[PDB]
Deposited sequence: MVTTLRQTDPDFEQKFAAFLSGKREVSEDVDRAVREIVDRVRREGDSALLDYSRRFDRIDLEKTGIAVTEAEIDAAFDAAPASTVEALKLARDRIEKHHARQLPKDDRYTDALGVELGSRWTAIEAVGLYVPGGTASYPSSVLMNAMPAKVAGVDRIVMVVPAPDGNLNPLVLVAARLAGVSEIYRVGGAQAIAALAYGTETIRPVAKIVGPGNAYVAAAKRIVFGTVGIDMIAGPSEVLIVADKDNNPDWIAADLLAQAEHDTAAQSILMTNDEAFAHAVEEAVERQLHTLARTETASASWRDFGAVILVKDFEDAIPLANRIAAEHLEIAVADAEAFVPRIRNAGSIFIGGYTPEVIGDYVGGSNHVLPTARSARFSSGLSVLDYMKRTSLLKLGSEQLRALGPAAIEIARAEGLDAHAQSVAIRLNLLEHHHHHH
C-alpha cells in the first residue's frame, strides 16, 4: 500500500501529487430534447438506457406497488429503516433555522425569515446502486424542513426496482416516485414534462450523465453538488485494535472502486499491523480493487503534524482514534463528518447516527457541508425604513449611486428626500 513519510525531502511533492485529480455533448442534446418534447423523449431515452417501456409499466409508481414492497420486506429490515428514519428526523429537527427580525439604533427594521423550498426532487440510482439508506438521508431533511412536494426519480433497468427503496421513500415522506433516471430524468425535473411537474431543486448523486445534466440545469433549479469519489481519513495512534481500523478502511472501499481509504498514524509498526489485518479480512472485490489502487498510509512523527495534512485532504469522513481525541476536533477544520473514538465506525453515520451521510466529496469539505435542512430552505431578507431612517441613510446611498453612474438609483432616493426635507429645516 502507498506510503508517504512527512520527513521525506520529496514528501511535499508526492503528497501534493497524491491529492491531485466528454459526455457533455450527448447530455446537452438529451437535456434539450426532454425540455422541448416532454414525455415522449423521456420514454425514448428510457428505452435506450433502461430497456424499459414506460408506456406499458407507466412512468409513476403506484401506491399499490409501494404497498407490495412493504409486504415483501423482512420485518427486521422495515424496523431498522424506521429506527434510522426516526434518528435522522430528530437530529435534523434540531437544525431548523430561526427567523430574526429586529430594530437597530437608527430605527431601521431588519429581518431574516426562512421558508421551505416548495418542491424538491431526489435522484436515486437504480439497480445494485439503489440504496434505501440513501433515500432516508436525502428525503428526511426535506420532510423536516417542510418541503410541500418531495419527488423521487429512480430508474428501473430491465424494469427492476429495489423494493426497499420504495419502502424507504414512504417512510421519509416522498410524495411522488417516477421510474426514470439519467440526464433525461434530471431534465424532466428541471423543466417539467406532461407527467412530471418541475421541482425547484434536485439533490442526489448520479453517474457522469446525471452529473453533466446537473451542471446544465443549475440556475434553472438549485442542485446540491456534483458527486465525486468518496474517501475516509483515519487518524489513529497505536492504542487501537488493528482489525477494527482495517475493517473501517475496507468498509469505505467496498463503496466504490475509486473510493479512497487513508490511514494517518505516528507508529509504523501499527500501520504494518493494520495492513496485515486488511489483507486477512480481504479474504475472510470492489474493496480489493479500491484498497490496493487508492489505499494509502501517511506517517507522521506526532499528531500536531497530522493537522495541516488532514486539513489539505479535507475528507468526507474523518475517523479520529487517538488519545485525547476531543483535543484535535477543533484543530481539523476541513472534514464533512468527524467520527470520534474506537466505537464510532463511519458506517454508523451512514445509517443510524442521525447525522446526514450525504457529505461533500473530493476535497469539497473545503467549501461545503453535508446535506442539512438548510439545503431545503431559503432565507428572505426584510427591510423597512421610515422617513427618519431614509433621511439618515439616503444621502449616503445617493453619493454612492452617483459615484457609480447610476442616476435612476440616485433619483429613487432623491425624489423622496426632496419632498421630505421641507419638514427638516431645523436640523
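K.L.:
Can you give me the gaps, meaning deposited-sequence stretches with no C-alpha coordinates, in sequence order?
P.N.:
Comparing the full sequence with the modelled residues, the uncovered ranges come out as 1, 23-28, 292-295.
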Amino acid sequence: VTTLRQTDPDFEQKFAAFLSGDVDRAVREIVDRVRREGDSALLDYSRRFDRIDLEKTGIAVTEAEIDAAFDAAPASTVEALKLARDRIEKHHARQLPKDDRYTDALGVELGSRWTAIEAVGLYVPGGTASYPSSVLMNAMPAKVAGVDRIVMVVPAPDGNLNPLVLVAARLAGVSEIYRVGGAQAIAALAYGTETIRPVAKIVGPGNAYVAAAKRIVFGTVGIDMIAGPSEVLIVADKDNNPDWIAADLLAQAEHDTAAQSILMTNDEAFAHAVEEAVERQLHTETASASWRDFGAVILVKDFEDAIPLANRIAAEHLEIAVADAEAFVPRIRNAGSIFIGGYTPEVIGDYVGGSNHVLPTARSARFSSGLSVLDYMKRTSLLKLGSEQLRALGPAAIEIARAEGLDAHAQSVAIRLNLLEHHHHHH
From here on, numbers count along this sequence of modelled residues.
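K.L.:
Higher average CA B factor in the deposited record is what I'm after, so tell me if that's 370-378 or 61-69.
P.N.:
Per the PDB record, 61-69.
K.L.:
Tell me which stretch, 254-262 or 82-90, has the higher mean Cα B-factor listed in the entry.
P.N.:
On average, C-alpha B-factors are higher across 254-262.
K.L.:
Among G192, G182, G173, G222, where is the Cα temperature factor highest, going by the PDB entry?
P.N.:
Answer, based on the entry's C-alpha B-factors: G173.
K.L.:
Looking at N334, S112, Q95, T128, which one carries the largest C-alpha B-factor according to the PDB entry?
P.N.:
Of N334, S112, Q95, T128, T128 has the highest C-alpha B-factor.
K.L.:
Give the position of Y178 by CA B-factor within its chain, expressed as the lowest, middle or highest third.
P.N.:
It belongs to the middle third of the chain when residues are ordered by C-alpha B-factor.
K.L.:
Compared with the other modelled residues in the chain, in which third is the CA B-factor of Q389?
P.N.:
CA B-factor rank for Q389: lowest third.
K.L.:
Determine, from the deposited record, the chain-internal third of the Cα B-factor for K214: lowest, middle or highest.
P.N.:
According to the entry, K214 has a C-alpha B-factor in the chain's middle third.
K.L.:
Would you check the entry's CA temperature factor for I400 and let me know if it's in the chain's lowest, middle or highest third?
P.N.:
It falls in the bottom third of the chain.
K.L.:
C-alpha B factor of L359, ranked within the chain: lowest, middle or highest third?
P.N.:
It falls in the top third of the chain.
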